[PDB]
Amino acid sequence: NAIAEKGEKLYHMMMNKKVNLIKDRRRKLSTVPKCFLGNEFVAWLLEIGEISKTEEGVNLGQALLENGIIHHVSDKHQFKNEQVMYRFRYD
């Protein structure tokens, strides 16, 4: 297949000691400050019964979420030069 042969070629060309486009790449995610898991939270509300049922816990967490009283913690590892939003701790 035409498209296979191009790939196997390109492979070897990047693998060239000369060219070195292909390396191992470490990846770091900042350790996160004082934070919680949704499931643990909704679980906990039941153990304490300020929720009758689960969908009460989600609805509640959803409520909190959409008013910024909580904020989801993003799993993006990769700083982007785009119209993308970021924050310092210092607030």
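Numbers for residues come from their place in the sequence shown, where the first is 1.
Higher mean CA temperature factor between 16-24 and 69-77: 16-24, per the PDB entry. Stretches compared: 80-88, 3-11. Higher mean C-alpha B-factor in the entry: 3-11. You'll see in the entry that, of 39, 52, 30, 62, the Cα B factor peaks at 52. When the CA B factors of the chain's modelled residues are split into thirds, the value for residue 43 lands in the middle one.
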